[PDB]
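To begin, one chain is listed below as structure tokens, in the form deposited in one PDB entry.
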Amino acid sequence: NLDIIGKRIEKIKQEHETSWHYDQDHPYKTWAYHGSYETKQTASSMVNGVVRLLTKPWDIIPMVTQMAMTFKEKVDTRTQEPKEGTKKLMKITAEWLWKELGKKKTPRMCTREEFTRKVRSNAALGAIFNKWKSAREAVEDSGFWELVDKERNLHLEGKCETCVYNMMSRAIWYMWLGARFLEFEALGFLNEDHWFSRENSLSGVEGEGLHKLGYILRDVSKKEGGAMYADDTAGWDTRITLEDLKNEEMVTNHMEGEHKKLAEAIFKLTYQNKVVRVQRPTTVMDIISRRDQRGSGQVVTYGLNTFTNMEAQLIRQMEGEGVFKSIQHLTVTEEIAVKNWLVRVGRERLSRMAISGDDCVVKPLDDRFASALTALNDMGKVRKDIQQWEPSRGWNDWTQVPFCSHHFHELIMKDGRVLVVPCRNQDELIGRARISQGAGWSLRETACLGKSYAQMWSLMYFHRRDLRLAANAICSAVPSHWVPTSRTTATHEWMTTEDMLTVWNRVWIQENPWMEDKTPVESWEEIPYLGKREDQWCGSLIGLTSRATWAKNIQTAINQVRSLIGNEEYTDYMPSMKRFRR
């Protein structure tokens, strides 16, 4: 407790010594509370006018229009300590899984130089604005790096002063850029060197991309076994136990020298003990602490979520196969049995899964998995929207399984080749493209964001009639040479000024390991759509009079947006579609 967090606490107490007060009507039950001090401030969602002017039929669809308007009582819940048998299962599995992940990878520190380049081309690193404005500035100033040095030497000394979380089913904990560096230096290798790639982790999909995920689910479907299970956890980050945080820390057993010590410090001082500043309107700042739950960078969060999810799902598979009888306690011969299962079939069982952070799909050996709930519930990974002891419902068709907020269609091209394409409710796709994050956006910047959505749609959602038409309209309305942008960035092949037909051919044909015939496609008309009824099922407006008038009059909408942006060089992409080709 207070010997590891006191220094951070003491330090904050003193920057607001004219403010401090141990408030009496404080709302925290499960968070240790330490004091308050004076502040007063809050970024809401703005509409992208370029995308909305080119999607007029959607102006009357509540599922689209409501997306642009607008539980912190789940962060304040407590998970019980797992039974001794559960803790044994987790430690054996975690030890074995880090060794597997480490067979073909070398832990290493990430560098200032690597970190600088990241900030100098925008990644959502989650820092705070003070002493310098943006992240960009602080990185070129040498003072910063002395701040970083003091903290670093403090961490080598087993102490911490400035690694404090700032709170804001979402809950995003920003730290100052310095603390993010020290996190990145110690643990960035997990992401930077692709430890959760499919090739390296067998269950993972890190760096895949939506054009790969459906082919991966279809490969899992090919395995002999039972239904496909895709159970979501209720508030995954809130159910991470101190025992989970300790099994994650075992990655330091593969490390050496300084690195081993820097990594141990991040795990001990920032993850297994945390200090957080929260805004309360009754507006003060509350300095609360706790030992458990997830609070890391979004990117280390992804890797450790994937790891701990892989662990939980191998254990649930062990329970379904009757590798152990009870979670109360493992016998000695049950430990040998668990160790032996892992060595004999562990890699085969990883390959039966697709795991992306807290999201999973499992194709178990058979349907006993559905009612194998004791380890899963005791680890605290309680399933969303189903009674705790009710058996899971599995999917009989891989095209119906939900994964990474998508389902996947099998689409046959006129030449017989097979596309496995990503899909979701079209209202969700249109509603997101109509939103910009942040203000101060110029017309040009708003246009370049609309173009990024348009190019993503041409590459991923070309099979949806409304999206191929709206993508062509947006790319016709935005100056041909203007570069697509995004303010927070898997593989993003649509972020380019290259011709989208050439990019389509590279992604879907040339680089696609599931396509044997590499004959290029010569026009967009070779590239198929979903069945018209399937397109409607997935939210198409095809068949409505509003949509017919939009399609027929699209050159008028394009010309409206061209007039607003002004006299620039434009391309007409609409004749890439049969119906505008004269």
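Each form is matched to the other, and the largest set of C-alpha atoms that superpose within 1.5 Å is called the rigid core. Just count from 1 along the sequence shown to find any residue number.
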- Unresolved residue 505 in a third or more of other entries flanked by modelled residues: no
- Message: Tell me whether residue 399 turns out to be unmodelled in at least a third of the other entries of this protein, restricted to those that model residues on both sides.
- Response: no
- Between residue 129 and residue 130, count the deposited residues left without coordinates and pick a bin: none, 1 to 3, 4 to 9, 10 or more. 1 to 3
- When you step from residue 489 to residue 490 in this entry, do you jump over none, 1 to 3, 4 to 9, or 10 or more residues of the deposited sequence that have no coordinates? 4 to 9
- Message: Comparing average C-alpha B factors as deposited, tell me which of 231-239 and 330-338 sits higher.
- Response: 330-338
- Query: Looking at the deposited entry, does 402-410 or 135-143 carry the larger mean Cα B-factor?
  - Reply: 135-143
- By the entry's C-alpha temperature factors, tell me which of 226, 320, 188, 178 sits highest. 178
- Can you tell me which of 390, 511, 286, 348 has the highest Cα temperature factor in the record? 286
- Note on the structure: Chain-relative C-alpha B factor for residue 515 (record values, thirds): the middle
- Task: Place residue 44 in the lowest, middle or highest third of its chain's C-alpha B-factors, as listed in the PDB entry.
- Result: highest
- Query: Taking the entry's C-alpha B-factors for this chain, is residue 246 in the lowest, middle or highest third?
  - Reply: middle
- Binned into thirds over the chain's modelled residues, the C-alpha B-factor of residue 563 lands in the lowest
- Tertile call for residue 433 (CA temperature factor, within chain, third-based) is the lowest
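In what follows, reference is made to the form deposited in another entry, a form of this protein that is not presented.
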- Message: After superposing on the rigid core, which residue out of 149, 157, 224, 415 has its C-alpha displaced by 2 Å or more between the shown form and the other one?
- Response: 415
- Item | Core-aligned CA displacement of residue 498 at least 2 Å between the shown form and the other one | yes
- When the two forms are laid on each other by their rigid core, does residue 31 show a Cα shift of 2 Å or more between the shown form and the other one? no
- Threshold 2 Å Cα movement between the shown form and the other one for residue 444, core superposed: yes
- Message: Closer or farther: how do the Cα atoms of residue 114 and residue 503 compare in the other form versus the shown form, where the change is at least 3 Å?
- Response: farther
